[PDB]
Structure formats: structure tokens, C-alpha cells
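K.L.:
an experimental structure, sequence included, is below.
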Amino acid sequence: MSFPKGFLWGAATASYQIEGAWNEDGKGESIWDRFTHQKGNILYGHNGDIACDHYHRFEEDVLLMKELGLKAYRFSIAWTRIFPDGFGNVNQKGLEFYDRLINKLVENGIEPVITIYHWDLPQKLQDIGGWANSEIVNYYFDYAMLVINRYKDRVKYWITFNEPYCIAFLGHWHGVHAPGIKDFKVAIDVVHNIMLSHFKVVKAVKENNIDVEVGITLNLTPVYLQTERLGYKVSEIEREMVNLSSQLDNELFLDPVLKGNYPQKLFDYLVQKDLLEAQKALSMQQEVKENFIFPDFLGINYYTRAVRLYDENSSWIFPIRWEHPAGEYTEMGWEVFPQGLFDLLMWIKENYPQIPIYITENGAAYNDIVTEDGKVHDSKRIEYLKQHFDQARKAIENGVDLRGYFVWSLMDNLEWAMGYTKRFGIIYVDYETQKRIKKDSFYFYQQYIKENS
């Protein structure tokens, strides 16, 4: 089986993780500027003030993409470069920068794929509630249509949101991401405002006849039962509670994006447990059904699975615990489990309406060292990628409409609250000299593209 003719072999980045220049050219403060400037949020006190300095070095970075042979490149636009206050006046230097990057990409025959919101909310919008405030829907819509209408001639693929689960729960429940809020009820409100924001943009693109594909990116985690790994008999309560726990990861976002409702089992449980007010639950259901519209594609960030079992003494919002199967793990503590990419893709094809799928993020963090002859022999990353590439091809053979694959990441970068301690790039970045050093995985990916395109 071959990959289909125009398969988008890509790599992926996000603005706050690579761009630096956090306050040049009138760029507004984002919630991640504020978050990394507070003590105790980021390992070793790292921040994204400089990052990979991609704001200044983007030309050389695009030439490495041309050397790599990428068919596409996924990046995000920093909202605070365009609207320093979230609302208000447009900033010309911000538009100028993305104008130059997008044109350099088109110039070198690389399809741009743009994530509109990749977590860097204007701090001025946080100051009036951020994503917990329903007016955010319109502030996001005005920003999203400005960049779609400006770039639609050069950019055919648009992603409204990257990983809503994180924006909501890690940003507003666990408090481990910006804005650092800790309130499950605010987190659900965030989930809702994101869905409405996503719907309003998709509808605007269809109604105005704008010839672009618009999608959304969800991080999905196939959940497996420890009991079934052990060959025990699965009780019905255990299956019920593990499925509730996996609806919080996956169906809570797939269901409204692809079917126009939230998952009913989860909502009942959350209401029963006083985690979610019953009126909001009915209101959210009503508002999503009214505003729902199908997207043009689904983006899937896949890294690993979860193995879970039932436990009535758990401190989690569901009575479950996590188990740790034997095998290979990364610097993230994530099981290397390529079969989960295939199972997930088959599970998507069989449970939701037909839709084109792109793997918009997949990759692995290993503790890379530069050798004496300036190489980086990341054979563990090569093995990770090779095995997941193979599951993707296998899924295509089984009828999954998989149209692209974007490796995370093109270059080492700031890994949010882990700082720069986790390297995901196929390109090593020396953060003291900003030198880019192609890892061995760069040449493997280069060869894999050449022979599957």
C-alpha cells in the first residue's frame, strides 16, 4: 500500500514555542508571557522571550524545510502580533511578519497550514475573563476572519483551535497552563466558548464562499482497560466508569465538533456529581445544537494511549486509576504505543461521519546530545517515527481518509511548563548560539518523504 498522491508530509510548530521577540514591534503581552514571567510556573524558570528566535530567523528555517522536502508546514499565528490588545487597532508589523513567512513558504512550494489559536491569548482579553467570558466568541471571530481573508489566497488549510482539552482543563482546571486558573466549572465554560468560537468561524467560511478548508485539532488518547490486558472478566460498572473517563478526553470534543451535541453520559454524571450545574448542561446542549456545523477536516494530535481501571477510592473526578504497561517510554513519561494511532483512527472512522483526517502532531521527546562531530544520533526518535508512519499507512489501507501527517516538531522549542527540558525536534537547537543542527531523524524523514510522495 502506498500513500495517496498528494499526501501532506509536514512538520509543525507553534508561535509561543519558537518565535521569541515577545515584545518587539508593538506585540501585545499574551497570557503565556505573563505566565512564564511568574515564579514557579515553568521548570528552571524558562520562558519564551527568545525561544528559537524564529521571528528573526524564519528565512533560514524555511530553507531547512525546503531541504527537508516538506510538502506542508503547520504553524500558528500569535494573536498579540496582530491585535496587541486582542481587540482594537491592527498592528501592521505583525501582519508584515506573517506576510513574509507565508510568501517565503509559497515561494518554496510548501503548503502553509495555519493554527489560528495555539494558546497565546492576549492578556488584555484575559483581564476581562479570557475564555470564560462569552464575548471572547466575537473577539476571536474578528481576529480569525481578518487573517483568513488576508491569507486565503495563499493558505488553504486553517485550524481554528489546537487542543481545546488543554486550553480548558490545563489552563483553567489544573492551572498548569496559562492563565493558571483552577476551577472545573470555569473550565467547562471555556470548552463551550471554544466550540461556539469554532462554529462561528466555520459558518462564516461556508456562508461567504471562502475557498479554504477549515478544521480543528484535538489531542486524542485511546483508552484501554487494564482488566482486559490482565484477561479478567470486565464488570459493567468498571466499563461504565472507564468510558465516562475517556469521554472527558475525547468525546467531549469530538461529539460537538462532529455531531453537534455533548456526550450525554458524561454530562449526566457531571451533573449528578455537582461538577456541572444542571441548567448549564441543558443550555450548552441547546446552544451547540443551534450553532453546530460540520467542519472540512479533523486534525488529530496523537502521542500515546492510557490504560485505566476502576477504583472507588480514586481522587480523580471519576473513580479510576491509571496503570503503567511495560514498554518503551519517552522523556515525557509517555508510553511508546504506535498501535494506538491505528486503533484511534479506526475508532474515528467507525463512530463519526466520514471526514478527511490529518495527523497534525506526532513525535517524541528524547534527551538529545550533540556529538563531537556535530551530529545528533537520535535513533530512538527515528524508530518512533518509523513505527507510527507504518500504522498510518496501515490505517489508510483499512479505509481511513488520512490525508497528511505533521511531525512534532520541526525544531526543538519551549515545551510549555516543561521549559526547554524536552526536545521534540528533528532539528536540534542550541539555545545559546541559536544554531540549527539537523538530527539523524531529519535525514530519515527527508528520505521517507522522498520515497513516499
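P.N.:
All right, it came through fine. Numbers count the residues shown, from 1 in each chain.
K.L.:
so residue 403 versus residue 8, what's the distance?
P.N.:
Going from residue 403 to residue 8 by Cβ to Cβ, to the nearest Å gives 6 Å. Heads up, the C-betas are built off the backbone N, CA and C, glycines and all.
K.L.:
would you map the strands across the stretch 301-450 of the chain?
P.N.:
306-310, 320-323, 357-362, 402-408, 427-429, 436-438 (DSSP state E, counting those that start in this stretch).
K.L.:
now tabulate the ones you listed in CSV and tack on distance to residue 268.
P.N.:
What follows is the strands of the stretch 301-450 of the chain, written out as CSV (distance: least, Cβ to Cβ, whole Å):
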stretch, distance to residue 268
strand 306-310, 18
strand 320-323, 17
strand 357-362, 29
strand 402-408, 34
strand 427-429, 47
strand 436-438, 51
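K.L.:
returning to what we had before: overlap of the contact sets of residue 403 and residue 8?
P.N.:
Residues touching both residue 403 and residue 8 by Cβ atoms under 8 Å, 6 or more residues apart in numbering: residue 358.
K.L.:
between the two, which one's more packed in?
P.N.:
residue 8 (23 against 18; other Cβ atoms under 10 Å).
K.L.:
doesn't residue 406 make contact with that one?
P.N.:
Yes - if you go by Cβ atoms under 8 Å, residue 8 and residue 406 touch, sitting 7.5 Å apart.
K.L.:
any residues in contact with both of those two?
P.N.:
With Cβ under 8 Å, 6+ apart, residue 8 and residue 406 have common neighbours 72, 113, 358.
K.L.:
isn't the last one right up against residue 299?
P.N.:
Yes - under the contact definition of Cβ under 8 Å, residue 358 touches residue 299, with a separation of 5.1 Å.
K.L.:
just to revisit the earlier point, to residue 341, which of the strands of the stretch 301-450 of the chain lies closest?
P.N.:
Among the strands of the stretch 301-450 of the chain, the nearest to residue 341 by Cβ to Cβ is strand 357-362 (7.2 Å).
K.L.:
between the closest one and strand 402-408, how many degrees?
P.N.:
10 degrees (axes from the mean of the first three to the mean of the last three Cα atoms, to 10 degrees).
K.L.:
who does strand 357-362 pair with, and is each partner parallel or antiparallel?
P.N.:
strand 297-301 (parallel), strand 402-408 (parallel) (DSSP bridges).
K.L.:
dump the last one to PDB, keeping only the CA atoms.
P.N.:
What it means is strand 402-408. Output of strand 402-408 as PDB, limited to C-alpha atoms (Å, rounded to 0.1, in the frame of the first residue of the first chain):
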ATOM      1  CA  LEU A 402      -5.800  10.100   6.200                       C
ATOM      2  CA  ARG A 403      -4.500  13.000   4.000                       C
ATOM      3  CA  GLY A 404      -1.500  14.300   5.900                       C
ATOM      4  CA  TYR A 405       0.900  13.800   8.800                       C
ATOM      5  CA  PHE A 406       2.800  16.500  10.600                       C
ATOM      6  CA  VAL A 407       5.700  15.600  12.800                       C
ATOM      7  CA  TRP A 408       6.000  17.400  16.100                       C
END
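K.L.:
name the residues that touch that strand?
P.N.:
In contact with strand 402-408 (Cβ under 8 Å, 6+ apart) are residues 4, 6-12, 71-72, 74, 113, 297, 301, 345, 356-363, 385, 389, 392, 395-396, 424, 426, 445.
K.L.:
any of those residues buried? List them.
P.N.:
Buried residues within the contacts of strand 402-408, counting neighbours by 16 or more other Cβ atoms under 10 Å: 7-12, 71-72, 74, 113, 297, 301, 345, 356-363, 385, 389, 392, 395-396, 424, 426, 445.
K.L.:
return the subset of these lying in helices.
P.N.:
With DSSP state H as the criterion, helices contain 345, 385, 389, 392, 395, 396, 445 from among the buried ones among the contacts of strand 402-408.
K.L.:
what's the farthest-apart pair in these?
P.N.:
345 and 445 (20.4 Å).
K.L.:
residue 183 contacts residue 172, correct?
P.N.:
Yes - between residue 183 and residue 172 a contact is recorded at 6.4 Å, counting by Cβ under 8 Å.
K.L.:
settle it for me: which of the two has more neighbours?
P.N.:
Ranked by neighbour count (other Cβ under 10 Å), residue 183 and residue 172 place residue 172 first, with 27 against 13.
K.L.:
surely that one and residue 192 touch.
P.N.:
No - with contacts counted by Cβ under 8 Å, residue 172 stays clear of residue 192, the gap being 11.9 Å.
K.L.:
list the contacts for residue 426?
P.N.:
So residue 426 contacts 11, 68, 381, 407, 409, 410, 411, 438, 439, 441, 442, 445 (Cβ under 8 Å, 6+ apart).
K.L.:
so which residues of the stretch 151-300 of the chain form helices?
P.N.:
164-165, 171-172, 184-207, 226-229, 236-246, 252-258, 264-272, 278-291 (DSSP state H, counting those that start in this stretch).
K.L.:
tell me the most buried of these?
P.N.:
helix 171-172 (a mean of 27; mean count of other Cβ atoms under 10 Å).
K.L.:
run the chain-centre distance for it.
P.N.:
How far helix 171-172 lies from its chain's middle: 15 Å, per Cα atoms, centre = their mean, to the nearest Å.
K.L.:
show me what it is packed against.
P.N.:
helix 184-207 (3 or more Cβ pairs under 8 Å, 6 or more residues apart in numbering; DSSP states H and E).
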